[PDB]
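Participant: One structure, as structure tokens, below. Some questions next.
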Amino acid sequence: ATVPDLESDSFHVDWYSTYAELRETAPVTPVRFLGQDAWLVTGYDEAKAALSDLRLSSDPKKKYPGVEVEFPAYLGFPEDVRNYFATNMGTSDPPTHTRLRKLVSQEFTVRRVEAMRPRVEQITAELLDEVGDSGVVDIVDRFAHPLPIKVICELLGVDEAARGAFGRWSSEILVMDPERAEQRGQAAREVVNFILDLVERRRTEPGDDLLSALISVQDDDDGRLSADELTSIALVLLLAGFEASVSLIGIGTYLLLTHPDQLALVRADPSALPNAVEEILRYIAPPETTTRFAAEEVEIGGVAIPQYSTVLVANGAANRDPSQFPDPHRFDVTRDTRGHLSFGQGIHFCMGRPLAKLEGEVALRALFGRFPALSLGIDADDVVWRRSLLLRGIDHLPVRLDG
Ligand code: HEM
Ligand SMILES: C[C@]12CCC(=O)C=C1CC[C@@H]1[C@@H]2CC[C@]2(C)C(=O)CC[C@@H]12
Ligand SMILES: C[C@]12CCC(=O)C=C1CC[C@@H]1[C@@H]2CC[C@]2(C)C(=O)CC[C@@H]12
């Protein structure tokens, strides 16, 4: 009786209360979203199990007898555009996933990330030098946002008259509003056109960047990446490379400001920063929801999910499951955050974890170390949270530098 509609304000206003209600009733339940029926998984155990079950595919390009596969993330995307966004690690199942991840991991390494620490510190310092030292500034527009973008552009060899453009496109693709569908499909074409030009430019003039590296990358047993895989991989690395990092820095600043106790704990011991980052991700996971497609009938938590169903694994809800995390609504930077699902679970585990932790640690440490009297420019209850189950974040965060 009464299936929940994920488009309602209950999933965007104090949404975590709605998750607890649902999980209590049934960790696995049928819902409606973007006009289609789906199953949402709010339980921790149920979420881990689902992400570990390979009968739940991550490939939207797959064709099934009399079935039209529709992953919500692709609302309004023309098919040619869809395939450019969907021919990479996160959009492939083994054995394709296996080789794509192997070829990329040869170049996208911890060594390459570590060598970037000096540059990310410098960029952080510059951005902070620019905000001044007094008044109210949107910490997102002046810090949280440009920091991750500069780092990903340098890593991929993207430049000046390009950056900032994909910011607005990214902004449109982040939300699925049925009425803005084609405007969504349009920004998507632009992102693609940009990438196509970027890769060809790099083929013509290779450098020390990661993208040049991926173009030459080769393996004896796996081979090389096709033009399409290369273009799709560059697209996801660019997009996923900065968007969630923005959410981490913005939500994190917001969190520490509203929990003075935890902020004091951090300023005191810098060695407590790393776990603070983990607790911020656990508390409000940017990728609140992850999508899977049931290639076969699958039983999740005693519930049979019919074949060909769309499954929304709510990573965000699972992180606040009381049986896994006691007092899940208490933001505690000292708690064991082991096992949260914010970077995924299983084969599709986040390849970008090292870079994300680097940015969050360096950013927040630099932010709060520089502004000891930093405070929220607005009332905590007035902070506008982005309406997206795909990726949570704060688009505007006014803070007072001097207090
Ligand atoms: C705040 C940090 C981030 C969070 C919360 C995050 C979260 C995730 C999650 C939840 C997944 C799994 C998605 C699924 O199972 O369908 C994932 C996958 C992935 N992430 Fe991250 N991520 C972050 C930053 C990054 C960065 C900086 C990059 C690097 C360019 C990146 C690259 C990827 C890629 C390529 C995958 C696909 C992995 C695969 O399919 O094999 N991520 N990430
Ligand atoms: C989790 C994630 C990473 C960081 C970020 O900022 C936003 C997202 C949401 C979309 C995810 C992406 C990871 C790569 C994924 C799985 C694909 O291959 C298609 C969907 C896409
Ligand atoms: C999460 C994300 C990151 C950067 C950004 O600016 C906006 C978005 C939302 C659309 C995501 C994209 C990551 C790549 C995704 C998952 C695809 O492969 C299709 C939909 C698309």
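Scheme for the structure tokens: letters A, B, ... for chains in order shown; per-chain residue numbers from 1; ligand numbers from 1 in order shown.
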With a distance cut-off of 12 Å and only C-alpha atoms, select the neighbouring residues of region 57-66 of chain A, excluding the residue or stretch itself and same-chain residues fewer than 6 positions from it, and output the selection as a ChimeraX atom specification.
Facilitator: /A:50-51,72-74,79-97,290-298,307-313,347-348
Participant: Report as a Markdown table: every residue of chain A with an atom at most 6 Å from ligand 1, its closest pair of atoms, and their distance in Å to one decimal, counting only C-alpha atoms and all ligand atoms, with rows sorted by chain and ascending residue number.
Facilitator:
```
| residue | atom | partner | partner_atom_place_in_ligand_line | distance |
| --- | --- | --- | --- | --- |
| A:89 | CA | ligand 1 | 40 (O) | 4.1 |
| A:90 | CA | ligand 1 | 40 (O) | 3.0 |
| A:101 | CA | ligand 1 | 41 (O) | 5.8 |
| A:237 | CA | ligand 1 | 30 (C) | 4.2 |
| A:240 | CA | ligand 1 | 31 (C) | 5.0 |
| A:241 | CA | ligand 1 | 30 (C) | 3.5 |
| A:242 | CA | ligand 1 | 27 (C) | 5.9 |
| A:244 | CA | ligand 1 | 1 (C) | 4.4 |
| A:245 | CA | ligand 1 | 1 (C) | 4.3 |
| A:248 | CA | ligand 1 | 1 (C) | 5.3 |
| A:286 | CA | ligand 1 | 5 (C) | 5.4 |
| A:287 | CA | ligand 1 | 10 (C) | 5.5 |
| A:290 | CA | ligand 1 | 16 (O) | 5.3 |
| A:342 | CA | ligand 1 | 10 (C) | 5.0 |
| A:343 | CA | ligand 1 | 7 (C) | 4.1 |
| A:344 | CA | ligand 1 | 10 (C) | 4.0 |
| A:348 | CA | ligand 1 | 39 (C) | 3.7 |
| A:349 | CA | ligand 1 | 12 (C) | 5.3 |
| A:350 | CA | ligand 1 | 18 (C) | 3.7 |
| A:351 | CA | ligand 1 | 33 (C) | 4.8 |
| A:352 | CA | ligand 1 | 28 (C) | 3.5 |
| A:353 | CA | ligand 1 | 24 (C) | 5.8 |
| A:355 | CA | ligand 1 | 27 (C) | 5.3 |
| A:356 | CA | ligand 1 | 2 (C) | 4.8 |
```
Participant: Write out the residues from the selection above, keeping N, CA and C atoms, as a compact mmCIF listing (two decimals), in the first residue's frame.
Facilitator:
```
# COMPACT_ATOMS: atom_id res chain seq x y z
N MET A 89 35.15 1.77 -16.91
CA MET A 89 35.11 0.90 -15.74
C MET A 89 33.74 0.82 -15.04
N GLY A 90 33.27 1.96 -14.56
CA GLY A 90 32.02 2.02 -13.83
C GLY A 90 30.78 1.63 -14.58
N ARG A 101 39.97 -1.72 -15.98
CA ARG A 101 40.51 -1.27 -14.72
C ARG A 101 42.01 -1.55 -14.63
N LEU A 237 36.88 10.17 -15.75
CA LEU A 237 37.97 10.60 -14.88
C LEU A 237 37.89 12.09 -14.62
N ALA A 240 34.12 12.53 -12.58
CA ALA A 240 34.20 11.94 -11.25
C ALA A 240 35.44 12.46 -10.51
N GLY A 241 36.42 12.93 -11.26
CA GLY A 241 37.64 13.45 -10.67
C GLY A 241 37.50 14.70 -9.83
N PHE A 242 36.44 15.49 -10.04
CA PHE A 242 36.28 16.71 -9.25
C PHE A 242 34.96 16.92 -8.53
N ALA A 244 32.62 14.93 -6.80
CA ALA A 244 32.43 14.45 -5.44
C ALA A 244 33.42 15.11 -4.48
N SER A 245 34.58 15.52 -4.99
CA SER A 245 35.57 16.18 -4.14
C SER A 245 35.04 17.53 -3.70
N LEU A 248 32.70 16.84 -0.89
CA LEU A 248 33.44 16.51 0.33
C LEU A 248 33.95 17.76 1.06
N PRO A 286 28.39 11.59 -0.56
CA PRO A 286 27.97 12.30 -1.77
C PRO A 286 27.20 11.36 -2.71
N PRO A 287 27.75 10.17 -3.03
CA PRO A 287 26.99 9.28 -3.92
C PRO A 287 25.95 8.53 -3.08
N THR A 290 23.49 4.32 -5.65
CA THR A 290 24.27 3.63 -6.68
C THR A 290 23.25 2.76 -7.45
N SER A 342 30.76 4.66 1.25
CA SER A 342 30.92 5.86 0.44
C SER A 342 31.86 5.80 -0.78
N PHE A 343 32.81 4.86 -0.77
CA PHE A 343 33.75 4.67 -1.89
C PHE A 343 33.37 3.38 -2.64
N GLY A 344 32.19 2.85 -2.31
CA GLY A 344 31.73 1.64 -2.95
C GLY A 344 32.03 0.40 -2.14
N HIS A 348 33.87 -2.60 -8.14
CA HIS A 348 33.83 -1.22 -8.61
C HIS A 348 34.30 -0.21 -7.57
N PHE A 349 35.01 -0.68 -6.55
CA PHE A 349 35.52 0.19 -5.49
C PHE A 349 36.24 1.40 -6.10
N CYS A 350 35.98 2.57 -5.53
CA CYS A 350 36.54 3.82 -6.01
C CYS A 350 38.05 3.86 -6.28
N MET A 351 38.42 3.97 -7.55
CA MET A 351 39.82 4.04 -7.93
C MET A 351 40.42 5.35 -7.45
N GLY A 352 39.57 6.36 -7.27
CA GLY A 352 40.06 7.67 -6.86
C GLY A 352 40.19 7.99 -5.39
N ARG A 353 40.01 7.00 -4.54
CA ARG A 353 40.11 7.20 -3.09
C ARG A 353 41.37 7.96 -2.60
N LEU A 355 43.32 10.17 -4.10
CA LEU A 355 43.26 11.57 -4.47
C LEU A 355 42.22 12.31 -3.65
N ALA A 356 41.06 11.68 -3.46
CA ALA A 356 39.97 12.28 -2.69
C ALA A 356 40.36 12.57 -1.25
```
Participant: Can you pull out the residues contacting residue 354 (chain A)? Cut-off 9 Å, using only C-alpha atoms, and skip same-chain residues under 2 positions away; I want them as a VMD selection string.
Facilitator: chain A and resid 109 to 110 113 to 114 351 to 352 356 to 359
Participant: May I have the selected residues written with N, CA, C and O atoms, as a PDB file, in the first residue's frame?
Facilitator:
```pdb
ATOM      1  N   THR A 109      48.100   5.705 -10.601  1.00  0.00           N
ATOM      2  CA  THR A 109      48.667   5.067  -9.422  1.00  0.00           C
ATOM      3  C   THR A 109      48.830   5.974  -8.223  1.00  0.00           C
ATOM      4  O   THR A 109      48.744   7.190  -8.335  1.00  0.00           O
ATOM      5  N   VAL A 110      49.137   5.367  -7.083  1.00  0.00           N
ATOM      6  CA  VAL A 110      49.362   6.103  -5.845  1.00  0.00           C
ATOM      7  C   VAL A 110      50.603   6.986  -6.013  1.00  0.00           C
ATOM      8  O   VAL A 110      50.639   8.113  -5.530  1.00  0.00           O
ATOM      9  N   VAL A 113      49.700  10.126  -7.785  1.00  0.00           N
ATOM     10  CA  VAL A 113      48.869  10.934  -6.913  1.00  0.00           C
ATOM     11  C   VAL A 113      49.750  11.609  -5.855  1.00  0.00           C
ATOM     12  O   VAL A 113      49.653  12.817  -5.639  1.00  0.00           O
ATOM     13  N   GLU A 114      50.642  10.841  -5.236  1.00  0.00           N
ATOM     14  CA  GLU A 114      51.552  11.370  -4.218  1.00  0.00           C
ATOM     15  C   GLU A 114      52.446  12.486  -4.744  1.00  0.00           C
ATOM     16  O   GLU A 114      52.740  13.444  -4.033  1.00  0.00           O
ATOM     17  N   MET A 351      38.416   3.965  -7.550  1.00  0.00           N
ATOM     18  CA  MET A 351      39.824   4.041  -7.928  1.00  0.00           C
ATOM     19  C   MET A 351      40.422   5.353  -7.452  1.00  0.00           C
ATOM     20  O   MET A 351      41.622   5.459  -7.264  1.00  0.00           O
ATOM     21  N   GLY A 352      39.574   6.361  -7.274  1.00  0.00           N
ATOM     22  CA  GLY A 352      40.059   7.667  -6.864  1.00  0.00           C
ATOM     23  C   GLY A 352      40.192   7.989  -5.392  1.00  0.00           C
ATOM     24  O   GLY A 352      40.501   9.126  -5.037  1.00  0.00           O
ATOM     25  N   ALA A 356      41.064  11.680  -3.459  1.00  0.00           N
ATOM     26  CA  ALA A 356      39.970  12.279  -2.691  1.00  0.00           C
ATOM     27  C   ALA A 356      40.359  12.570  -1.248  1.00  0.00           C
ATOM     28  O   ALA A 356      40.040  13.632  -0.726  1.00  0.00           O
ATOM     29  N   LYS A 357      41.024  11.616  -0.601  1.00  0.00           N
ATOM     30  CA  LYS A 357      41.461  11.784   0.779  1.00  0.00           C
ATOM     31  C   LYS A 357      42.537  12.864   0.866  1.00  0.00           C
ATOM     32  O   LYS A 357      42.586  13.621   1.837  1.00  0.00           O
ATOM     33  N   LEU A 358      43.385  12.940  -0.158  1.00  0.00           N
ATOM     34  CA  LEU A 358      44.462  13.925  -0.223  1.00  0.00           C
ATOM     35  C   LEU A 358      43.857  15.338  -0.258  1.00  0.00           C
ATOM     36  O   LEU A 358      44.233  16.217   0.522  1.00  0.00           O
ATOM     37  N   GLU A 359      42.905  15.540  -1.159  1.00  0.00           N
ATOM     38  CA  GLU A 359      42.255  16.832  -1.319  1.00  0.00           C
ATOM     39  C   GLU A 359      41.469  17.252  -0.091  1.00  0.00           C
ATOM     40  O   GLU A 359      41.541  18.409   0.331  1.00  0.00           O
TER      41      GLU A 359
END
```
Participant: Determine, counting only C-alpha atoms, which protein, DNA and RNA residues have an atom within 10 Å of an atom of residue 258 (chain A); residues of the same chain fewer than 5 positions away are not included. Present the result as a VMD selection string.
Facilitator: chain A and resid 252 to 253 263 375 to 376 379 to 380
Participant: Deliver the residues from the most recent selection as a file, using N, CA and C atoms, as a PDB file, in the first residue's frame.
Facilitator:
```pdb
ATOM      1  N   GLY A 252      31.949  19.055   4.298  1.00  0.00           N
ATOM      2  CA  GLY A 252      32.869  18.943   5.417  1.00  0.00           C
ATOM      3  C   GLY A 252      33.053  20.247   6.176  1.00  0.00           C
ATOM      4  N   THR A 253      33.178  21.357   5.450  1.00  0.00           N
ATOM      5  CA  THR A 253      33.338  22.674   6.076  1.00  0.00           C
ATOM      6  C   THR A 253      32.065  22.966   6.874  1.00  0.00           C
ATOM      7  N   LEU A 263      35.350  20.281  15.715  1.00  0.00           N
ATOM      8  CA  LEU A 263      36.296  21.209  15.095  1.00  0.00           C
ATOM      9  C   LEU A 263      37.458  21.496  16.050  1.00  0.00           C
ATOM     10  N   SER A 375      33.302  31.195  10.695  1.00  0.00           N
ATOM     11  CA  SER A 375      31.969  30.826  11.161  1.00  0.00           C
ATOM     12  C   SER A 375      31.006  30.801   9.972  1.00  0.00           C
ATOM     13  N   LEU A 376      29.844  30.188  10.159  1.00  0.00           N
ATOM     14  CA  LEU A 376      28.865  30.109   9.083  1.00  0.00           C
ATOM     15  C   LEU A 376      28.198  31.475   8.894  1.00  0.00           C
ATOM     16  N   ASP A 379      22.381  30.767   8.904  1.00  0.00           N
ATOM     17  CA  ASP A 379      21.877  29.878   9.942  1.00  0.00           C
ATOM     18  C   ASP A 379      21.906  28.471   9.357  1.00  0.00           C
ATOM     19  N   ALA A 380      22.428  27.520  10.127  1.00  0.00           N
ATOM     20  CA  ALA A 380      22.550  26.134   9.679  1.00  0.00           C
ATOM     21  C   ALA A 380      21.304  25.561   9.013  1.00  0.00           C
TER      22      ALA A 380
END
```
Participant: Using only C-alpha atoms and all ligand atoms, which of the listed residues (A:75, A:264, A:123, A:333) sits closest to ligand 3?
Facilitator: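 The closest residue to ligand 3 is A:75.
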Participant: Could you name the residues that touch region 360-368 of chain A at 8 Å or less, counting only C-alpha atoms, but leaving out those on the same chain fewer than 3 positions away, as number ranges by chain?
Facilitator: A: 120-121, 124-125, 128, 245, 248-249, 252-253, 267, 270, 273-274, 277, 356-357, 371-372, 374
Participant: Considering only C-alpha atoms, give me a table of residues in region 90-137 of chain A that are at most 8 Å from region 383-400 of chain A, with the closest atom pair and distance in Å for each, as a tab-separated table.
Facilitator:
```
residue	atom	partner	partner_atom	distance
A:134	CA	A:400	CA	7.2
A:135	CA	A:400	CA	5.4
A:136	CA	A:400	CA	4.4
A:137	CA	A:398	CA	5.5
```
Participant: Where does DSSP see strand (DSSP E or B) in region 126-359 of chain A, if you list the residues as JSON, numbers by chain?
Facilitator: {"A": [136, 137, 138, 219, 223, 290, 291, 292, 293, 294, 298, 299, 300, 303, 304, 305, 310, 311, 312, 313]}
Participant: Please produce a file of those selected residues containing N, CA, C and O atoms, as a PDB file, in the first residue's frame.
Facilitator:
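Below you can see result-v9.pdb, which holds the result:
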```pdb
ATOM      1  N   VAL A 136      32.339  38.099   4.315  1.00  0.00           N
ATOM      2  CA  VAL A 136      31.589  36.913   3.917  1.00  0.00           C
ATOM      3  C   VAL A 136      31.969  36.560   2.491  1.00  0.00           C
ATOM      4  O   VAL A 136      32.047  37.439   1.630  1.00  0.00           O
ATOM      5  N   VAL A 137      32.212  35.276   2.248  1.00  0.00           N
ATOM      6  CA  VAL A 137      32.549  34.773   0.914  1.00  0.00           C
ATOM      7  C   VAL A 137      31.852  33.434   0.748  1.00  0.00           C
ATOM      8  O   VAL A 137      31.588  32.739   1.731  1.00  0.00           O
ATOM      9  N   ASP A 138      31.494  33.101  -0.482  1.00  0.00           N
ATOM     10  CA  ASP A 138      30.885  31.815  -0.753  1.00  0.00           C
ATOM     11  C   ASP A 138      32.092  30.878  -0.829  1.00  0.00           C
ATOM     12  O   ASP A 138      32.830  30.888  -1.819  1.00  0.00           O
ATOM     13  N   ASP A 219      49.202  -3.559 -22.677  1.00  0.00           N
ATOM     14  CA  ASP A 219      49.435  -4.749 -21.896  1.00  0.00           C
ATOM     15  C   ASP A 219      49.540  -5.921 -22.848  1.00  0.00           C
ATOM     16  O   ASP A 219      48.853  -5.961 -23.870  1.00  0.00           O
ATOM     17  N   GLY A 223      46.037  -5.925 -23.796  1.00  0.00           N
ATOM     18  CA  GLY A 223      46.056  -5.098 -24.986  1.00  0.00           C
ATOM     19  C   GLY A 223      46.111  -3.617 -24.689  1.00  0.00           C
ATOM     20  O   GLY A 223      46.848  -3.182 -23.799  1.00  0.00           O
ATOM     21  N   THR A 290      23.494   4.321  -5.646  1.00  0.00           N
ATOM     22  CA  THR A 290      24.265   3.628  -6.675  1.00  0.00           C
ATOM     23  C   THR A 290      23.250   2.765  -7.447  1.00  0.00           C
ATOM     24  O   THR A 290      22.329   2.212  -6.845  1.00  0.00           O
ATOM     25  N   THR A 291      23.383   2.680  -8.768  1.00  0.00           N
ATOM     26  CA  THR A 291      22.434   1.904  -9.562  1.00  0.00           C
ATOM     27  C   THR A 291      22.967   0.587 -10.101  1.00  0.00           C
ATOM     28  O   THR A 291      24.118   0.487 -10.542  1.00  0.00           O
ATOM     29  N   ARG A 292      22.096  -0.415 -10.072  1.00  0.00           N
ATOM     30  CA  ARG A 292      22.394  -1.751 -10.563  1.00  0.00           C
ATOM     31  C   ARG A 292      21.176  -2.224 -11.346  1.00  0.00           C
ATOM     32  O   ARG A 292      20.073  -1.698 -11.165  1.00  0.00           O
ATOM     33  N   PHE A 293      21.383  -3.197 -12.226  1.00  0.00           N
ATOM     34  CA  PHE A 293      20.303  -3.763 -13.024  1.00  0.00           C
ATOM     35  C   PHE A 293      20.290  -5.265 -12.779  1.00  0.00           C
ATOM     36  O   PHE A 293      21.315  -5.924 -12.925  1.00  0.00           O
ATOM     37  N   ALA A 294      19.134  -5.801 -12.405  1.00  0.00           N
ATOM     38  CA  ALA A 294      18.997  -7.230 -12.134  1.00  0.00           C
ATOM     39  C   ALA A 294      18.959  -8.076 -13.411  1.00  0.00           C
ATOM     40  O   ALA A 294      17.908  -8.221 -14.025  1.00  0.00           O
ATOM     41  N   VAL A 298      17.112 -11.969  -8.271  1.00  0.00           N
ATOM     42  CA  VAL A 298      18.042 -12.000  -7.148  1.00  0.00           C
ATOM     43  C   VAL A 298      17.301 -11.838  -5.836  1.00  0.00           C
ATOM     44  O   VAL A 298      16.383 -11.037  -5.743  1.00  0.00           O
ATOM     45  N   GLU A 299      17.686 -12.587  -4.814  1.00  0.00           N
ATOM     46  CA  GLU A 299      17.025 -12.444  -3.521  1.00  0.00           C
ATOM     47  C   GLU A 299      17.907 -11.590  -2.607  1.00  0.00           C
ATOM     48  O   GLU A 299      19.057 -11.938  -2.338  1.00  0.00           O
ATOM     49  N   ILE A 300      17.395 -10.433  -2.197  1.00  0.00           N
ATOM     50  CA  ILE A 300      18.132  -9.535  -1.318  1.00  0.00           C
ATOM     51  C   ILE A 300      17.417  -9.398   0.015  1.00  0.00           C
ATOM     52  O   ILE A 300      16.309  -8.881   0.074  1.00  0.00           O
ATOM     53  N   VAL A 303      14.038 -10.920   0.216  1.00  0.00           N
ATOM     54  CA  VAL A 303      13.112 -10.361  -0.757  1.00  0.00           C
ATOM     55  C   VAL A 303      13.574 -10.655  -2.180  1.00  0.00           C
ATOM     56  O   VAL A 303      14.705 -10.360  -2.547  1.00  0.00           O
ATOM     57  N   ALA A 304      12.694 -11.260  -2.972  1.00  0.00           N
ATOM     58  CA  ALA A 304      13.007 -11.599  -4.353  1.00  0.00           C
ATOM     59  C   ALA A 304      12.837 -10.408  -5.296  1.00  0.00           C
ATOM     60  O   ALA A 304      11.729  -9.899  -5.493  1.00  0.00           O
ATOM     61  N   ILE A 305      13.951  -9.932  -5.832  1.00  0.00           N
ATOM     62  CA  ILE A 305      13.945  -8.828  -6.780  1.00  0.00           C
ATOM     63  C   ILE A 305      13.818  -9.454  -8.164  1.00  0.00           C
ATOM     64  O   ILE A 305      14.712 -10.165  -8.623  1.00  0.00           O
ATOM     65  N   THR A 310      15.320  -2.444 -11.808  1.00  0.00           N
ATOM     66  CA  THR A 310      16.338  -1.424 -11.621  1.00  0.00           C
ATOM     67  C   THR A 310      16.485  -1.370 -10.110  1.00  0.00           C
ATOM     68  O   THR A 310      15.484  -1.312  -9.387  1.00  0.00           O
ATOM     69  N   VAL A 311      17.719  -1.451  -9.633  1.00  0.00           N
ATOM     70  CA  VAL A 311      17.974  -1.437  -8.205  1.00  0.00           C
ATOM     71  C   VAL A 311      18.799  -0.241  -7.768  1.00  0.00           C
ATOM     72  O   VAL A 311      19.905  -0.025  -8.262  1.00  0.00           O
ATOM     73  N   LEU A 312      18.255   0.522  -6.830  1.00  0.00           N
ATOM     74  CA  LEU A 312      18.933   1.688  -6.293  1.00  0.00           C
ATOM     75  C   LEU A 312      19.474   1.366  -4.914  1.00  0.00           C
ATOM     76  O   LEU A 312      18.724   1.303  -3.932  1.00  0.00           O
ATOM     77  N   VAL A 313      20.774   1.111  -4.850  1.00  0.00           N
ATOM     78  CA  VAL A 313      21.427   0.816  -3.582  1.00  0.00           C
ATOM     79  C   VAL A 313      21.733   2.164  -2.935  1.00  0.00           C
ATOM     80  O   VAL A 313      22.568   2.914  -3.436  1.00  0.00           O
TER      81      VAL A 313
END
```
